[PDB]
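For the sequence shown, the UniProt record's numbering gives the first residue as 537, with consecutive numbering after it.
Even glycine gets a Cβ: it sits at the ideal position worked out from N, Cα and C.
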Amino acid sequence: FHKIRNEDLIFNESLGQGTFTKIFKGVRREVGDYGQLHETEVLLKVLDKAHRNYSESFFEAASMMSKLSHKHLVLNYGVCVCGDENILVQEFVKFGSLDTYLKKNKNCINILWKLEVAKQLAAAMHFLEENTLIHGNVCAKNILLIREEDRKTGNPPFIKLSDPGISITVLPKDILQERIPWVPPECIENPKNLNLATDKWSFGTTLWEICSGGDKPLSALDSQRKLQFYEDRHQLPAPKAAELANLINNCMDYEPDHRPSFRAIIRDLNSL
Ligand SMILES: NC(=O)Nc1sc(-c2ccccc2)cc1C(N)=O
């Protein structure tokens with residue numbers, strides 16, 4: 537990672553929290569192309585000092601997103617490790633994360649919007665699958681809306697996939713259980729089972745989010761009941777707008793080897 541000096545970063549408003557992290561809008565002072573000075577809006581992701589022992593996994597998550605370059609993958613600008621800080625500096629996305637956007641805009645998001653976003657997410661995941669690169673935490677909170685839909689210009693929405701955060705392979709078991717049904721059953725059984733098939737299951741859960749207007753699947757179940765949901769081999773209920781429910785369930789296959797390739801997922805989406 538490129539090293540960014542603390543003196544070149546300004547922290548502004550809080551944008552929320554992730555697992556052992558706090559996120560802020562900020563400004564980065566930098567020399568850009570042609571030697572021009574810029575004050576660039578950035579996303580500042582800060583690892584909690586209490587959890588500094590996760591720094592390796594924290595940065596490895598972002599390293600994963602920068603191994604490859606792709607129009608649907610969030611840009612990392614660098615890191616700031618001055619003083620006692622562990623900070624990831626990323627591109628700032630004006631419209632924020634997709635979970636919040638879905639909850640706030642539930643009434644004006646139709647089937648075609650959901651289908652377009654699903655196709656773009658599947659394109660990003662196909663690129664990762666072709667590169668045999670595991671993401672490990674696909675969810676609407678890790679999808680960023682770059683551009684809103686604009687029917688006046690026919691322009692679709694445009695999304696990017698953000699980094700997965702600290703890996704489920706090192707997180708405490710209680711956090712993994714609270715992350716059911718994004719974390720697949722085989723990873724509840726053994727977090728070292730993390731594999732490309734993991735991301736197919738979590739993609740299914742994320743499509744359910746996209747189709748459910750901000751709702752979180754199984755939110756009414758406490759951790760013990762989420763575990764039993766997997767033990768009883770249940771599937772999620774179909775979203776009220778159920779156009780993608782069969783795809784969701786085919787992706788959330790309890791047999792990892794039976795989950796469809798992202799090429800097949802894309803073909804299915806294109807058939808609708
Ligand atoms: N890369 C990036 O910008 N990530 C962003 S921006 C954002 C946001 C923006 C405006 C109002 C409220 C929240 C949230 C998050 C996130 N969860 O990552």
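- Message: According to DSSP, is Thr689 part of a helix, a strand, or is it coil?
- Response: On the sequence shown, residue 689 is found 153 positions in, with the first residue counted as 1. Helix at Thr689.
- Query: Quick one: Cα of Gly701 to Cα of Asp758, how far?
  - Reply: Within the sequence shown, residue 701 is the residue found at index 165, counting from 1. Within the sequence shown, residue 758 is the residue found at index 222, counting from 1. Straight-line Cα distance between these residues: approximately 23 Å.
- Quiz: which residues have CB nearer than 6 Å to ligand 1 non-hydrogen atoms: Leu551, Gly552, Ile559, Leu579, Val610, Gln626, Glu627, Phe628, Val629, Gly632, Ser633, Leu680 and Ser698
- Message: With the cut-off set at 8 Å, would you say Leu580 and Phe547 are in Cβ contact?
- Response: By one-based count along the sequence shown, residue 580 stands at place 44. By one-based count along the sequence shown, residue 547 stands at place 11. A contact, by the Cβ cut-off of 8 Å.
- Item | Host beta strand (DSSP E) of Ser550 (start-end) | On the sequence shown, position 14 is the one that residue 550 refers to. Per DSSP, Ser550 belongs to the beta strand (DSSP E) from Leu545 to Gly554.
- Task: Label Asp620 either buried or exposed according to how many other C-beta atoms from any shown protein chain fall within 10 Å of its C-beta, with 16 as the threshold for buried.
- Result: Indexing the sequence shown from 1 puts residue 620 at position 84. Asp620 comes out exposed.
- Can the beta-carbon of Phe694 be found less than 8 Å from the beta-carbon of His606? The residue you call residue 694 lines up with position 158 of the sequence shown. The residue you call residue 606 lines up with position 70 of the sequence shown. In this structure, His606 does not lie closer than 8 Å to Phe694 by Cβ.
- Task: Verify whether the separation of the beta carbon atoms of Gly672 and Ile704 is less than 8 Å.
- Result: Working through the sequence shown from its first residue, we reach residue 672 at position 136. Working through the sequence shown from its first residue, we reach residue 704 at position 168. A contact, by the Cβ cut-off of 8 Å.
- Message: Counting C-beta neighbours from all protein chains within 10 Å, is the total for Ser591 16 or more, i.e. buried, or is it exposed?
- Response: Taking the sequence shown and counting its residues from 1, one reaches residue 591 at position 55. Answer is exposed; the Cβ neighbour count stays below 16.
- Taking DSSP as the reference, what is the three-state secondary structure of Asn612? Position 76 of the sequence shown holds residue 612. Looking at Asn612 - three-state DSSP - the assignment turns out to be strand.
- Query: When DSSP labels each residue in this structure, what does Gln626 get in the three-state scheme?
  - Reply: Stepping through the sequence shown from its first residue, residue 626 is reached at position 90. The answer is strand: DSSP assigns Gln626 an E or B state.
- For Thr668, count neighbouring Cβ atoms within 10 angstroms of its own Cβ and tell me buried if that reaches 16, exposed if not. What you label residue 668 is simply residue 132 of the sequence shown in a count that begins at 1. That one is exposed.
- From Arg769 to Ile679, what does the alpha carbon distance come to, in whole angstroms? Start at 1 with the first residue of the sequence shown, and residue 769 comes out as number 233. Start at 1 with the first residue of the sequence shown, and residue 679 comes out as number 143. Cα-Cα distance, rounded: 27 Å.
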